[PDB]
Amino acid sequence: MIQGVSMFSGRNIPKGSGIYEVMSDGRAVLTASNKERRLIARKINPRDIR
Amino acid sequence: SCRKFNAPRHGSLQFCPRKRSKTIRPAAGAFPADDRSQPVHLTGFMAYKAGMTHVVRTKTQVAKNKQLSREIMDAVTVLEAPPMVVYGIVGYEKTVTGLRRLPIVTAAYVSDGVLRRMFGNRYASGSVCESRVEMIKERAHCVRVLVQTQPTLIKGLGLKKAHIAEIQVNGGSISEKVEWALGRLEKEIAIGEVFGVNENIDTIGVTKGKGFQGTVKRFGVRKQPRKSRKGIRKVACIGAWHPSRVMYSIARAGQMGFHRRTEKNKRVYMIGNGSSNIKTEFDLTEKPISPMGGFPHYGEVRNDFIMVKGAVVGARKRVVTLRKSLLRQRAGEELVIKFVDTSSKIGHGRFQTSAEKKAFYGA
Amino acid sequence: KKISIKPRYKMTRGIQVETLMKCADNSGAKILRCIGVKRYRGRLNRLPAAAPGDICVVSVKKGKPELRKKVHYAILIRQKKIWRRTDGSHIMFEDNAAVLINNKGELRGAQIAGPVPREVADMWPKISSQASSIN
RNA sequence: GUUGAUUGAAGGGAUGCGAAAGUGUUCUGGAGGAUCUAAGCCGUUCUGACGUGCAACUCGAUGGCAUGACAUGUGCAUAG
RNA sequence: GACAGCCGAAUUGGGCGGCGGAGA
RNA sequence: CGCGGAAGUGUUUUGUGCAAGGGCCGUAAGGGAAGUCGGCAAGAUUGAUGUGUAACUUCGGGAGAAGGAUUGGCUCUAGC
RNA sequence: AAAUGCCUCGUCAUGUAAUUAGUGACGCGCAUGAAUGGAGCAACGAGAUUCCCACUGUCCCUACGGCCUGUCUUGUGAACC
RNA sequence: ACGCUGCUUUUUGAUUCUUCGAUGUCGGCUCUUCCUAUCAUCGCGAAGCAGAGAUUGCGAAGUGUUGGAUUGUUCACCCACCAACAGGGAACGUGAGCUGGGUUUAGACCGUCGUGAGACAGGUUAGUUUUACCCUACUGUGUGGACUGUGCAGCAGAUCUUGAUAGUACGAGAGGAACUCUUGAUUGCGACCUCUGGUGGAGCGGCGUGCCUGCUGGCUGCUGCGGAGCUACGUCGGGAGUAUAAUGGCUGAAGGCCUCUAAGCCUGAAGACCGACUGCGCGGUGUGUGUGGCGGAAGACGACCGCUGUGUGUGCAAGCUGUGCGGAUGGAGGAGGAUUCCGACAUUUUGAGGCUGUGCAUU
C-alpha cells in the first residue's frame, strides 16, 4: 500500500510514513522526511539535487 | 500540619519489593477451570520473541451506520514457535494440607536437551512404569504433562539446553485425560492445535533490564527547582519526626527492570509457517513473514509463528509463556486483514520485496 | 443550557493557556488569547490545554472596541502541532486559528477564511457548510 | 608607568545672501575632572564553586574603572 | 362472666428498689 | 586584545573505561514568564558603511535616539 | 495616604479575564512645610520601583549526549567523635 | 425564643513542671501517612415530594478534591474550569532536604518623642544559611541445582460523556425524567519501539582560520543531514466470587388482637473477606550444579543468562550520505604573436565515491 508520492523527490512513500502540510490556500503538500522539509525551507530548487 | 493541595501517590505498592526475577522461565500461577463436557486439549505453550511490524485492517461496519468502513493501522508482535515434545505425566491428589504430587511417569527415551537442563552440561559423567499409571487413574484429582522446547531449530539462540514445564490437561473423565497423553509420549504437538485466530490470550515473561536507576525514573517524582543546592534529581522529604523511622512506602533508588510480569487479553491475529508465503490478504504479492534485511538483532523466521496485537513483555530472543484466558470472553469483532508491511526496519525502508527495489534502479 | 460536544478520537494537543490565536471569521476581532478550556478536570501543576474541535474561553486582545474587555467562547479549527489519524497518517496546518461563538453554539460571523480539518467538520456541521475547503 | 580608536570647543581659510545691520554653507584646527579598548586595577551579581579548603578570605563566570581629587620602589616626619 | 377481639379467668393505674439499652 | 604559530624551556612509557548521585557544558516538537517574593539564571543585540532620527532641554545636549537596509569568491573599469 | 497617614487594602478614575501592586486626582495633614532648607529632573547612576516589545528549558514535563569525579586496582595514609 | 446539660484540643488566654556548659525560631516548594464531625461519587429514608431543580436525615473514609491576578504572608478577596473544587492531626509533620520574601546584630533616610547620648509591636532601603566516611531505619544486592506444593505479607483502577429510550411518563400549560442497550474521553497504574517526534564527540557532505612550499591529501574551527540504541509529544492492557450495613419485606409469639424479631428466614453498598496478580521462608521428589576461558538479551563490584574452538577477517544483502581523483569540452573577461598564457565556477565519464556495530554465507 502506498500513501502517496513525494512532492519534492518524486518517490513513492509507504503507508504510514509521511506528513501532510496544508497551506493557507487549501493546498496540501506531502513530504517524506526532514531531509526534504529543510530543502523547501531554504528555498532550494529540486532540479539542482541529483 | 493538614496539607492543602492533595495529589495521587507516585507509583504502585502492588509490586514492592522490586527485586530481580529468580528465573528466566517463570511458571504460571493458575490454570483455567475444567469443564468436563468437552474433548481433551492443552492450555498453554512456549515460544520466542522475534520483532514487530504493521497491519492495515478494515473495520466492518458496512451497514448504513454513518461510517460504513474505516481503515485502522495496528502494531503487532511476531513470535516463533517450533513444535513441542511430550515426555511425561504427572498427577496430583487432594489432602487436608492441599495438593500432593504422585510419582512421575517418564516415557522411554529422554532427549539430550532435557538432560542438560536437569543435571548440567557435564551430565555424561518396566512394570514399575505400569504400576505408576494405575495411581494417576485411581487417585489424581488433576493431571499435567511435561513438555520441552526444541531450541536447536532456531540457530540464532545458540541454546542446546531446553526449557521444560508442566501444563494442565483440560477435558473430562480423568481416565480419558490419561489415555490421551499415553498415546502422545515422545511425539510432538504444534501450536495450531492449541490456539486459534481471534482469541484472547495471556503472556508471562521477564521485562527488559535497566540496572540501578535514580528515583526520578523508578517512580516518576518531580525535579526540584534550578536554584537548589545538593542536586535536583531526588525526593526532598522522606518523613515526619514521628514515627522516627523511614517507611516502606517512601521512594528510593535501586534496581529497575528484569521483573516478572503477567499481561492479559492479547488478541491473536494470524497463525502460519515461516517457510511459505503469508496470505489471506487482499493484495497479490507473495511476501514471506520477515522484512527486507531481517528482523533487527534477530535472524529470519523459518518455523511456525504466531502474531498477536500490541506490545509484548521482554527482549528479543527471550522465552515467553502463553496461557488461555481465565475470564469470560464475549465474541471478538470480525477480523479482516488486508496488508502486512515488510519494509526494512533498519533505516527508512521504502520497498517491499527486494525484486521491487531491483526494478527501480535498473542497473 | 450546556452545549453538547460529539465524540472525537484522541489527538495531540497544541494550544494552552496564554497562547495567542488568530481570528478566522469577519466578526470584528483580530487576535484572541486563551484563558480556559471546557471539560478540563485537572491535575496538580498541569495547565489546561486544547486540540481542534475543543471549546476555549477567550479574551479579545485586538479588534472592535465593542468586543473588548469581556469573556467570549470560541472553537479551535487549526493548529501547527502534528497529530496522527487512525488510518495511520499524519497532518499539520500552518497557523493557529479559532472562530467566535454564542452561548448556544451559533457562529457570530457569516464567512470563514482558510481550510478546515475533516474531524472538526463532523462535530460541528454548521462550520462545515461555510468552509472553503475540507483538508 | 600609561596601547589603539571615538567625539569635534575657541582660533583661522574659502564661498553664498543682503540697501545696511547682519547672517547661511563648508574646510582647517585639536579643547574637555568628554566615550570605549589594552597593559592592568578593583569587587556588582550568580545569594555559582569551596567550606577537617589550594587558601586563618582562594577559585570561575559576569560586571565596574583605566590622564587621574591616579598607581607604585626608596630617604624623612606623626605613638596609646 | 371482667380485659381482648359468643367466648371462659384473670385485667389494669400510679410509684419505689436492683438490672439492661439510647444520649456517646 | 582575542583566535592560531616559532624561538627558548618543561615532560613520561605495565591502574580502570566508564551504575545512581554530583561539578563544568551541548542540543530540543508545540506553547512563550502560565514559573518565582522578584525574568534569578539563560537566551537575545553586537564590527563596518549608506539611510533615517522624537519628546524634552541649563541651547551645550538628548544621539550610536528609535527604525530600516548592505556585506563572500572571481574577472575587470574609474580617481590620485 | 509621598522612603513622612494611626485609622487603612482611605475615596474616585485608569492599566487586567481577575489589581493589598503602579500611575493620575482629591485633602481638618495621628505626626507635611521653608539653608532643621521648600518647590523643581536638563545631563549623569553595577541606586529603589511598575509596565511594553523582543527573546528564551523559568515553567507545562522532561529527554538524550560530552568531559572530570564517583564505582574497581596499587602506593602513601589522617581527623572529628 | 426565654432557660438548662455536654464533648473536642484546631483559637486565644491562665500557669511555670522539663530544657539557658544551646533541642536551629514564620511561610512556601517537595514527599508520605493517619482522623471523620462526608464536599463529590455508591446504597437508602422524610416532606408544605406532580415532573424538573434543589432542601433535610441515615449506612459509608475505597477513590478524588484543579489552573490563575493582587499580598512575604497564614489569612483574605475576585476570575476561569469542574462530578465536586469538605475540614483537620503527624515537635503549630518536614532548613546536616532546598529557598530566604517576613522576622532579620553591626551602614543609612524620614516622622514623632528627648537638653543630650539615644528611643519607637511606626514606615523605608543594603545586609555569610557550616559538617555524615559511624550506629540504626529504609532501598537494592550477596549468603552454592532442576520441577513444583502451601503458609505468610503486599495489593488498583476511579470518574465523566454521545446517541437511542423520548418531546415519552408527569403536567390546565410552561416545561420535562428513569431502568436497560450504546459512543468516546480525562486521570492513575503496568508494559513496549512497528509508526511519528526529540537526541545522536558514530558516519558522509559544505564553508572557513592557522600550519605542512602550491595543486592533490591531511590536522584544527563553525555548520546541514543523520542510522543503531535510549525515550514521549507516540502505541498497547482490567472479577459478574462469598457473606453483610443502613433501609425495605416473609412467617410469628409475648399480649385470644397487633407487630420485619423475641427462635428462624428473604433481599441488599464505590465498603469487608476471598480470588487473580507480585515478593519471601519452609516442605516434598525415580532429581544436586564446568576449575578456567570467552561472549551477551544481564551487570557499579559480586551475581544472572549461554557455549565449551566456530571466533577474527572478507564477500553479498539491507541502509546513511550525496555525484569522488584525473582527463576531455566550456567560462565574465584580461595579457599579447604562440593561436599561446591566466581564470571563480559549469557539463560529462558517474544514483558516483565513501561509510556501517544489523542479517546471511564462507574461511
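A few comments on the model shown:
- Any hit, segment C:58-81, residues being more than 16 Å from RNA strand D (Cβ to nearest atom), small (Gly, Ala, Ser) and facing another protein chain (nearest Cβ under 9 Å): no
- Any hit, segment B:258-276, residues being under 30 Å from B:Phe212 (Cβ atoms) and not in a strand (DSSP E or B): yes
- Test: residue in segment B:56-66 that is buried (at least 19 other Cβ atoms within 10 Å of the Cβ), out of contact with any helix residue (DSSP H, G or I) (no Cβ under 6 Å at 6 or more places or on another chain) and among the hydrophobic types (A, V, I, L, M, F, W, C): yes
- Filter result (farther than 19 Å from B:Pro8 by Cβ, more than 11 Å from RNA strand F (Cβ to nearest atom) and either within 14 Å of chain C (Cβ to nearest Cβ) or hydroxyl-bearing (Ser, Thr, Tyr) (or both)) within segment B:206-262: B:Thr207, B:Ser244, B:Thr262
- The one condition in (1) in contact with a helix residue (DSSP H, G or I) (Cβ under 6 Å, 6 or more places away or on another chain); (2) under 27 Å from B:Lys287 (Cβ atoms); (3) not polar (S, T, N, Q) that A:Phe8 fails to fulfil: (2)
- Out of C:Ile55, C:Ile91, sole residue that is β-branched (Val, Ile, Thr) and more than 15 Å from the chain's Cα centre (by Cα): C:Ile91
- Test result for B:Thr280, β-branched (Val, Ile, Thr) and either under 28 Å from B:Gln213 (Cα atoms) or crowded, with 17+ Cβ neighbours inside 10 Å (or both): no
- Of the strands (runs of 3 or more DSSP E) lying entirely inside segment B:136-222, the ones with 3 or more residues being surrounded by 14 or more Cβ atoms within 10 Å (Cβ to Cβ) are found at B:142-148, B:164-170, B:200-206.
- With respect to the stated conditions, B:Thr106 fails to be crowded, with 18+ Cβ neighbours inside 10 Å, among the polar types (S, T, N, Q) and on the phi < 0 side of the Ramachandran plot.
- Among (1) within 15 Å of C:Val58 (Cα to Cα); (2) away from RNA strand H (no atom under 16 Å from the Cβ); (3) more than 14 Å from every other protein chain (Cβ to nearest Cβ) - the single one C:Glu18 does not satisfy: (2)
- Scanning segment B:206-228 for residues that are closer than 30 Å to B:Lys317 by Cα and touching a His at 6+ places or on another chain (Cβ under 6 Å), we see that the one that is farthest from RNA strand D (Cβ to nearest atom) is B:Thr207.
Note: ideal-geometry Cβ built from the backbone for every residue, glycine included; neighbour counts use all protein chains shown. Coordinate-derived values only; no laboratory data.
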